[PDB]
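Participant: Those sequence lines, one after another, are chains A, B, C, D, E, F, G, H and I.
When the letters of the first sequence are read in order and numbered with the authors' numbering, they come out as residues 3 to 75, 84 to 129, 137 to 185.
For the second sequence, the authors' numbering assigns the number 1406 to the initial residue and increments by one for each residue that follows.
For the third sequence, the authors' numbering assigns the number 71 to the initial residue and increments by one for each residue that follows.
When the letters of the fourth sequence are read in order and numbered with the authors' numbering, they come out as residues 292 to 313, 316 to 365, 383 to 403, 406 to 450, 657 to 705, 747 to 809.
When the letters of the fifth sequence are read in order and numbered with the authors' numbering, they come out as residues 2 to 153, 161 to 189, 194 to 533.
When the letters of the sixth sequence are read in order and numbered with the authors' numbering, they come out as residues 885 to 920, 931 to 982.
For the seventh sequence, the authors' numbering assigns the number 1 to the initial residue and increments by one for each residue that follows.
For the eighth sequence, the authors' numbering assigns the number 1067 to the initial residue and increments by one for each residue that follows.
For the ninth sequence, the authors' numbering assigns the number 1130 to the initial residue and increments by one for each residue that follows.
The following block contains the structure, expressed as structure tokens.
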Amino acid sequence: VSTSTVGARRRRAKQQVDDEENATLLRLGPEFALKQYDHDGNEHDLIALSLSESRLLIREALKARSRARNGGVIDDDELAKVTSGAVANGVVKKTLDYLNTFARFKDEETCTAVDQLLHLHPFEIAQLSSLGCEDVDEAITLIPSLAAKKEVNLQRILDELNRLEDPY
Amino acid sequence: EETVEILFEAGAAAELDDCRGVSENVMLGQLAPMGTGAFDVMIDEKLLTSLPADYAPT
Amino acid sequence: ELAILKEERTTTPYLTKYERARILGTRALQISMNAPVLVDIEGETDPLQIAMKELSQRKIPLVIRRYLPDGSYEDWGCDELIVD
Amino acid sequence: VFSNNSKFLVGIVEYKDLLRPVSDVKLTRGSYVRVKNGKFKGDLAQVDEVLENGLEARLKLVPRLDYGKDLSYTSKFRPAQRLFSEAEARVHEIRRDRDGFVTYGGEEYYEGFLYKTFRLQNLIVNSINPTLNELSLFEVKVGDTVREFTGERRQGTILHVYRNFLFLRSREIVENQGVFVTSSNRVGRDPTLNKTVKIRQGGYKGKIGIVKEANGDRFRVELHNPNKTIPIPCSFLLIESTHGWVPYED
Amino acid sequence: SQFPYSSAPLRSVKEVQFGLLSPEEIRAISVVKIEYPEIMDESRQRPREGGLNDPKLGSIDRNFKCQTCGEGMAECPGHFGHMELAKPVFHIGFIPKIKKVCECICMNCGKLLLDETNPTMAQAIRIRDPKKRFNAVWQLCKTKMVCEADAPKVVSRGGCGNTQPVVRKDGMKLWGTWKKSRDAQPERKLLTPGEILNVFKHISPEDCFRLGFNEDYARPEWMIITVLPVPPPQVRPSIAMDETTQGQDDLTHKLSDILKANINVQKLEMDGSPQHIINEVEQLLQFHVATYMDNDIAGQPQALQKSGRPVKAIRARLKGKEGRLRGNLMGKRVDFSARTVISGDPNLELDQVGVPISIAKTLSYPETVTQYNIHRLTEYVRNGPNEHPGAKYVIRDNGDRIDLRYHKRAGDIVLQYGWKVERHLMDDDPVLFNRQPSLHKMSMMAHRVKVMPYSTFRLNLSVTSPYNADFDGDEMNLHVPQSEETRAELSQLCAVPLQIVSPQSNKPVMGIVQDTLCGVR
Amino acid sequence: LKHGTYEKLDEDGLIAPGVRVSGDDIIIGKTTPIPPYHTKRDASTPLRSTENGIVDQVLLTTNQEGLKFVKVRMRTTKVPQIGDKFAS
Amino acid sequence: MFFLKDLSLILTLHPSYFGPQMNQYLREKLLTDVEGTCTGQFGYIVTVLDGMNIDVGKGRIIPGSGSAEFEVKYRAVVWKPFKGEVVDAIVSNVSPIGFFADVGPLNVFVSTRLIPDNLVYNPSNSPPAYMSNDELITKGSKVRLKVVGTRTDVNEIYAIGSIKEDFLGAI
Amino acid sequence: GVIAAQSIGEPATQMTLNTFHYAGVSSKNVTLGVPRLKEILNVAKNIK
Amino acid sequence: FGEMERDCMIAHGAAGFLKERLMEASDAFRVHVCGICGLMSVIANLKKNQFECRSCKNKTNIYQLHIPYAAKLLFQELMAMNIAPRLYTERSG
RNA sequence: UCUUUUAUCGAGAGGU
Ligand SMILES: [Mg+2]
Ligand SMILES: [Zn+2]
Ligand SMILES: [Zn+2]
Ligand SMILES: [Zn+2]
């Protein structure tokens, strides 16, 4: 019913067997690949979202939707009411509480700080911004994709993500 | 003329046929590109900004 | 992508008979299933008569999309094609 | 002999095989065969016994009888198969011979089955395929067929219905396992038609006709005189009845 | 709007792709197996799970919903079966191609003889369209008399160094002749389909390209039949003869005979085998598979019916003036037609016609109820389907149809917006008007209707010049439009006044004829 | 059953002369017994769908084998009008 | 996994609704349809980026029907599961056959066999929970799991996970 | 194209199918009417 | 409606009248086809709203078409002779 | 409140 941007991937003479999804081996299927295309056909990268930027951007779009529907005239559940139907009411409600009670950051300014820190695979980029970790073994046990990369500097990434981490 | 042998010659040669003549688009029941059919009629909008605002699509 | 802008259009500016035919037909088909009519409706009730009466005074809102041979096209408004 | 010069040479190494004398020779009491002749042609039958000489075999067959209903048979016009019912025979049309054994119209029926001798050459013993019909003859969600969606028991029949899980039962493994409810995937019209009529008003006055259609108020009378059926009001008609031409009070 | 509602997005055909079928594909698309030759179950109606009427197939009875899909007899397109085989066989429509391919390549290790080291070959690799490519190739590889185990220091291309025989054709069989080595004796054995299958199942993909085929649509070993499709009985209908007798269309008896020959071919090569009994029955199976797709096989007698008439092989439903592509697609049969005799009348205007009362009360026209005409349609629906001017069927929006004939009390009808009314043919409708045989483009013109009594059409005599017509007993045809678009196209393109000047010679066609001319002089 | 009126048959299945018959009036009612209530199937013979005539003469006799055998003869009058053909 | 997917939807507009406010009703029906639905190709589509400025363009009057065809080009913050994906969750229900854990738009079922042997379901505790020493899983607890199974019912998808491994449990 | 095929296919259906003329002369042979048109649309590599 | 009358209604140019004469006023039919394989072998069911193309395990990429019945019969026979026509709804150069 | 049936193959005699 509702499509996106990706077609082609047409059948050939073979059937590929590396097609199943596995987030421990960076297998996201033929939908969240590395190189995507926007609404015009230009070459785009994937945009994965971690918790902080997730909540902040949802607040942004839905607050511009609230003031936008108000002709130009703040909280989770009230902001989820600007939507239509009940599916976004409930789902977006529990999404706002969910991403609300785990906010490693609650400001677009330190969002710009970590936004300077991260920039590397967009999935694991948004996962370094996602899961707050302790040591390195947690960063590689939760994300077994950081093994064959040979580019650490991860300890001070944790010291900055943790040193800047606002208190809940 | 000479049908089945031509359909064999095309069958075992993977000849991609592509739908532009009149015969093909008629023997499948479609608008054959000829006279009436060589253009399209897009629904407008700039001149829809000329109707009274009451007829609106609610 | 393949469109031609509103300065490079090089097709003839005269409403041909086939175009006129499909405009009258489609506009009549719309006037029949209760659509807003854009002239002063008076002493004729047949939808084709109403459509021609509109085409005489130029009020029909449609877009001709002339497909050029190799794959491009042009977009003309039905109220600037010089009705003969 | 075909006049074409078609003879062919046989190799010495092929000679003896040309003269091989021969193991179907099957048929055992208690086994099934298919009858090849008569009203029972095509029917499955059990081999009950064979003749001493070895030619005809006594077969146990579901009968195809009418209980003499229209007496004063062919395969094409045979009766449906149904076990012999001796009380039906008693009621309608019979010799008792033993416990559960009756001779009815000179055939023997024991416990509802015909026992009749057939030539062995009149039965098929090989490659018989039983039919569907022959195989047949010879807590709300609880009971419905559900097919696991994320489990490991394929389908199964819902035995119990809880609030978070469902006690499903496997078919191949035959083991009762509990799985999430959502996880399980449910798998005439008037009294004057055709009656003769005379017309008493109009341009057709004095003409005979028949009411071809009398939907309402406006009738269709089929005039006799020229080949045309005309529209006429029912007020304009006289209908024939027991005494003369009556108006529409018949 | 005739169809029930589905939820698949509606589109149209853009590119047609042709190509051979592979066996596993047939094993995948088919939903049942064929085994038993007998048509019926066991005289208890229905069919035989396994016969050529298994209700998984095509269901063409009032009540048997197609067990496979579940729809009625008006929505099921049919479903294919597949019959096995105990031996591969040829395909009668490819024999010379298999001949050429059995000439071009090796007869052992399976390799293309000539290579790109030959400049003629090196330039023959390049051509775009495949047919002229394989013409350039077979133009060369018809003379390479050895699968060189080397290249033209020794370089070995991978060949087997074997000599090459010669392949020929007789009836439906290919003969292989080895002229041994100046001349030693030839041996002419019979290239059975299994051998050629084993050989073609080795050709590398790049030779499948160089030979002109395609790796994913035309694979040469696909040309030799192994599995067989069974079309649904929507293609093979059974007629009912004297109501109590019913025969079977040819393809049923022919498939049954092929299956009989299959069960015959099994037994012999499973036990007692006098050799010259195997190849003969197998040759008979080849004969059945051959006459299943062609009856006029030049070379051998036509397989007769039971009553002694030639069988309608599939090849003949198609070709010919009265087949499919001339008889049901280019020129099918239409509705809303009229055929009657013409008559002259000098008191009409140039583009009018005189329709009798009966043809008018039989033909109809669907109209949309709006706000500008609801009154006229109230009068029309009141006047019923047996009095002019009146209306006939009334169509509501979902798909129902009220028939004002059998519906006794029709005075309670109120017309909602959006409905349709199949009114009669009335004054001033534009109808298409035609005479056979039409030649130049003036023999099909749209006239305006005018209702008249009696039983014949009417023409103004001035339109007797493009029709090549005269009133000495001819007949003509009237076609009626339906929707609004086509009426507009008729009135704006196919009218009479727009046809007075002919593009054939830059001069008119309609003038003054007969008395009007003599007396105007 | 077929649709036209069956009320013009007398009792043995043959319509009598003197009766007017028009469109699809059943003239010979004949039945075929069903191969083994509601146990017979109709096998009639209707008048042509484009004729309007008076029945003239009915014939009833035996065939070759030894069963019944019926014929019917209808007639009608025709008058010239606009459309009929003539020749010197 | 959450994303920003570029989606285009075909809205076939009826001739009667050709009023002076076309684009508005277009966005109305658009956001009545797309917002929230599940697509096995792209999971649960959450919320579109920038909803009041979507270039719907113009429409091809379908020859022979009269309707219009609109190709809406928008951008959303979608979600989609994948096998082997480690995600967080907040449980909603507990049961003797496993527990339910909401991963935002959907609910993931975790069976008992995928639960460590130390976690024992305690019906007597109020509220009921999966208990053990220094471990507690009750309604509303933060759970760290791994998506190991995804089922596509076309309409909605259904995932299953486990926490019988390292770094998967109560945090 | 159709208008051309017709506008040539129409004067053909009313033309001599043997023509004759110069028929009383054996020293003067000529092919006209139908046979000639058929020998033209075929590009027959052997004329009369 | 012979081929010659078809040639004449091509000479006039009324393409809609032809598309009508050879569809609605004769024999219209609907076929559900797949989008990977490209054959009329889709197993469809409507009042349950479910489809299946088992040759590719495809329950998503399916499109319906309006074709005459005679084309359906034709293509079924061509498949019955092991010559496969495939129908696709989008060009690809 | 509808609905409502015309085998098949082949041969011949005809009308523009
Ligand atoms: Mg004449
Ligand atoms: Zn089916
Ligand atoms: Zn070799
Ligand atoms: Zn498929």
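Ideal Cβ placement from N, Cα and C applies to all residues, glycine included.
In chain order, what residues of the same chain lie with their CB nearer than 8 Å to the CB of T171(E), ignoring the 5 residues before and after it?
Facilitator: Excluding positions up to five away in sequence, the list reads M146, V147, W186, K188 and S189.
Participant: Where the beta carbon is closer than 6 Å to any heavy atom of ligand 2, which residues qualify, in chain order?
Facilitator: Checking every Cβ against the heavy atoms of ligand 2 under 6 Å gives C67(E), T69(E), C70(E), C77(E) and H80(E).
Participant: Express the C-alpha separation of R12(A) and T26(A) in angstroms, rounding to a whole number.
Facilitator: Between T26(A) and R12(A), the C-alpha separation is close to 27 Å.
Participant: Can you name the residues of chain C whose CB is closer than 8 Å to the CB of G84(G)?
Facilitator: Within 8 Å Cβ-Cβ: nothing; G84(G) doesn't reach chain C, min ~39 Å.
Participant: Any heavy atom of ligand 5 closer than 6 Å to the beta-carbon of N210(E)?
Facilitator: Looking at this structure, you won't find ligand 5 anywhere; what it does contain is ligand 1, ligand 2, ligand 3 and ligand 4.
Participant: Please confirm if the region 143 to 150 of chain A is in contact with the region 46 to 55 of chain A, defined as three or more CB-CB distances below 8 Å between the two stretches.
Facilitator: Taking 8 Å as the limit for Cβ pairs, the verdict is that the region 46 to 55 of chain A does touch the region 143 to 150 of chain A.
Participant: Please work out which residues of its chain come closer than 7 Å, Cβ to Cβ, to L118(C), disregarding the five sequence neighbours upstream and downstream, and give them in chain order.
Facilitator: For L118(C), where only same-chain residues beyond five positions count, the Cβ hits under 7 Å are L94 and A98.
Participant: Taking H678(D) as the reference, which of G661(D), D341(D) and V756(D) has the closest Cα?
Facilitator: Among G661(D), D341(D) and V756(D), the Cα nearest to that of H678(D) is on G661(D).
Participant: Quick check: what's the CA-CA separation for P1197(I) versus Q1205(I)?
Facilitator: Using only the alpha carbons, I get a separation of about 13 Å.
Participant: Quick one: measure Cβ to Cβ for residue 711(D) and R357(D), integer angstroms, because I've assumed they're closer than 8 Å.
Facilitator: In this structure residue 711(D) is absent; chain D steps straight from 705 to 747.
Participant: So what does DSSP say about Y25(G), is it helix, strand or coil?
Facilitator: Looking at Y25(G) - three-state DSSP - the assignment turns out to be helix.
Participant: Using 7 Å as the limit for Cβ to Cβ distance, is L505(E) near chain C?
Facilitator: Yes, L505(E) lies at the interface with chain C (some Cβ there is under 7 Å from its Cβ).
Participant: Taking the straight line between their C-alpha atoms, what separation do you get for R759(D) and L108(C)?
Facilitator: If I take the Cα positions, the gap works out to 58 Å.
Participant: Return yes when the Cβ of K213(E) is within less than 7 Å of the Cβ of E233(E), no when it is not.
Facilitator: Yes. Within cutoff.
Participant: Identify, in the order they occur along the chain, each residue of the same chain with its Cβ nearer than 8 Å to the Cβ of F91(E), setting aside the five sequence neighbours on each side.
Facilitator: Excluding sequence neighbours, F91(E) sits near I99, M180, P205, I236, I237, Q298, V301 and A302.
Participant: For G977(F), would you say it is in contact with chain E, using Cβ-to-Cβ distances shorter than 7 Å as the test?
Facilitator: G977(F) counts as touching chain E.
Participant: Which residues count as close to ligand 1 when the rule is a CB under 5 Å from any of its heavy atoms, in chain order?
Facilitator: Those residues, listed in chain order, are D482(E), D484(E) and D486(E).
Participant: What does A91(C) reach in chain G if we use C-beta pairs closer than 8 Å?
Facilitator: Result: empty, since nearest Cβ-Cβ is about 13 Å, beyond 8 Å.
Participant: Going by C-alpha to C-alpha distance, which of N125(G), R151(G) and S111(G) sits closest to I163(G)?
Facilitator: The residue with the shortest Cα to Cα distance from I163(G) is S111(G).
Participant: According to the Cβ coordinates, are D357(E) and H459(E) closer than 7 Å?
Facilitator: No, these two residues do not count as a Cβ contact at 7 Å.
Participant: Using 8 Å as the Cβ pair cut-off and three pairs as the minimum, do the region 491 to 501 of chain E and the region 370 to 390 of chain E touch?
Facilitator: In short, these stretches touch, since the Cβ pair count reaches three.
Participant: With a threshold of 6 Å (Cβ to nearest heavy atom), would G167(E) be considered close to ligand 3?
Facilitator: Yes, the beta carbon of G167(E) sits closer than 6 Å to at least one heavy atom of ligand 3.
Participant: Kindly list, in the order they appear in chain D, the residues whose Cβ is closer than 7 Å to that of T889(F).
Facilitator: By Cβ distance, chain D contributes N753.
Participant: Just curious, the alpha helix (DSSP H) that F135(E) is in, first and last residue?
Facilitator: Segment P131 to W139, the alpha helix (DSSP H) holding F135(E).
Participant: Going by beta-carbon coordinates alone, are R1150(I) and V346(E) separated by less than 7 Å?
Facilitator: For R1150(I) and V346(E), yes; Cβs fall inside 7 Å.
Participant: Would the beta-carbon of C220(E) be found less than 6 Å away from any heavy atom of ligand 4?
Facilitator: Checking the Cβ of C220(E) against ligand 4 gives no.
Participant: According to the neighbour-count rule (16 or more other Cβ atoms, all chains shown, within 10 Å of its Cβ), is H387(E) buried or exposed?
Facilitator: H387(E) is exposed by the Cβ-count criterion.
Participant: Less than 8 Å between C-beta atoms, sequence neighbours within five positions excluded: which residues of the same chain meet that for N307(E)?
Facilitator: Hits under 8 Å: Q314, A315, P322, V323, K324, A325, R327 and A328.
Participant: So who's on the other strand from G20(E), going by DSSP bridges?
Facilitator: Answer by DSSP bridge pairing, in chain order: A1213(I).
Participant: Terminal residues of the continuous beta strand (DSSP E) containing residue 315(D)?
Facilitator: Any question about the placement of residue 315(D) has no answer from these coordinates, since chain D jumps from 313 to 316.
Participant: Taking 6 Å as the cut-off, is the C-beta of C105(E) nearer than that to any heavy atom in ligand 4?
Facilitator: Because no heavy atom of ligand 4 lies under 6 Å away, the Cβ of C105(E) does not count as near it: no.
Participant: In this structure, how does DSSP classify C38(G) when only helix, strand and coil are distinguished?
Facilitator: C38(G) falls in the strand class under three-state DSSP.
Participant: Who are the near neighbours of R408(D) in its chain, counting only those whose CB is closer than 6 Å to its CB and skipping five residues on each side?
Facilitator: So the list reads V414, once near-sequence residues are dropped.
Participant: Can you tell me which of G902(F), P920(F) and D936(F) puts its alpha carbon nearest to the alpha carbon of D254(E)?
Facilitator: The shortest C-alpha separation from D254(E) is found at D936(F).
Participant: Quick check: the Cα distance between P153(E) and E207(E), rounded to an integer number of angstroms?
Facilitator: Cα to Cα, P153(E) sits roughly 29 Å from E207(E).
Participant: Please decide whether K373(E) counts as near chain D, where near means a Cβ-Cβ distance under 7 Å.
Facilitator: It does not; no Cβ of chain D falls within 7 Å.
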